[PDB]
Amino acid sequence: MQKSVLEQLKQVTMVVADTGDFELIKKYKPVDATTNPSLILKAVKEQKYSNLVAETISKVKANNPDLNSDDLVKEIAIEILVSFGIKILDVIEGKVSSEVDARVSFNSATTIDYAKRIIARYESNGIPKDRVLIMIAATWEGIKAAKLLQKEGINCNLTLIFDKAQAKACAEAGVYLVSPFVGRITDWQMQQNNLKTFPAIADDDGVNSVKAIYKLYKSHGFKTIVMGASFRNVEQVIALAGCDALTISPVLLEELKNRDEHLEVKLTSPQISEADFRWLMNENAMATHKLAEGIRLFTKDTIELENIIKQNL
């Protein structure tokens, strides 16, 4: 019963596919999947699912002849987000992550409203909320929004986690899952230290970040799921075998599928006030920069999606 590294990983970690390409999701059979604004933009622009995109735009237009261009564009954007999520849910047993508009990242109330709008759109298609994770950037405001959403039974994926303080604050808020990044932390490490080659696993700041969060969570008995995200190579993924969950790009899933060696299982202070959180984040130059950058990048891709929608009106 010898198995590939991918199949072995599934025994010790919840394998999640990081893509909007639902057909690819099929050849890897992950439990859950994650979409994000950049992945949705790629799914909209690529030829593969051009029919689905055109149909979604046409349907929303036909069913909302009274809405102005601006309101119509936002309606179409959320419908596209949800349409890809539904196609993904049709091919997996688990949940799909759908991200709120990045432009609401510093407003808890508008984050809550957008989250509820996403959930209502899934519900109108017969998808229960228990199959969806609302993805929210882990700014203080996003964590506050998630805290309230969880109280209403809406599970959240707190993303763009770069510091153990966010992770701790998210756990303290009772969120369903956190997505600490790995690759982007390693990117900063290489640029800051002028590293010509990729660091050894023991020295990889990204890998170590997830390990520290996992250790923190287990020692405190937190039930929030730790899902490593953002990977540069298969070695970083393999290094976190045993983590609660790992969301992995199709390119890397294919690499894992084709490897056959045994997979070694590697994974087996006061409450945070707003001022404390902000201080701790300020102390971390990398996290300060990367959280902000992540929000800007998703915003750029969401604005491009809006422009594309407007071009097809």
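Residue positions are given as counts along the sequence shown, with the first one as 1.
Should the segment between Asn51 and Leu52 be described as having none, 1 to 3, 4 to 9, or 10 or more unmodelled residues of the deposited sequence?
-> The entry has no gap there; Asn51 and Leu52 are joined directly.
Report the stretch with the higher mean CA temperature factor, choosing between 20-28 and 7-15 on the basis of the entry.
-> Looking at the record's C-alpha B-factors, the answer is 20-28.
For the C-alpha atoms alone, is the average B factor greater in 232-240 or in 68-76, going by the entry?
-> The stretch with the larger average C-alpha B-factor is 68-76.
In the PDB entry, which of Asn208, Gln191, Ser105, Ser98 has its C-alpha at the highest B-factor?
-> Each of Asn208, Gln191, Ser105, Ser98 was compared by C-alpha B-factor; the highest is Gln191.
Of the residues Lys223, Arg184, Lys116, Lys144, the one carrying the largest Cα B-factor as recorded | So the option with the highest C-alpha B-factor is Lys223.
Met281's Cα B-factor: lowest, middle or highest third of the chain?
-> Its C-alpha B-factor belongs to the lowest third of this chain's values.
Which third of the chain holds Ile92 when residues are ordered by C-alpha B factor: lowest, middle or highest?
-> Middle third by C-alpha B-factor.
Report the third (lowest, middle or highest) to which the CA temperature factor of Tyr217 belongs, ranking only the modelled residues of the same chain.
-> It belongs to the highest third of the chain when residues are ordered by C-alpha B-factor.
Mind checking which third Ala287 falls in for C-alpha B-factor across the chain?
-> Answer is lowest: the recorded C-alpha B-factor places it there.
Going by the entry, which third of its chain does the Cα temperature factor of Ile86 land in?
-> Middle third.
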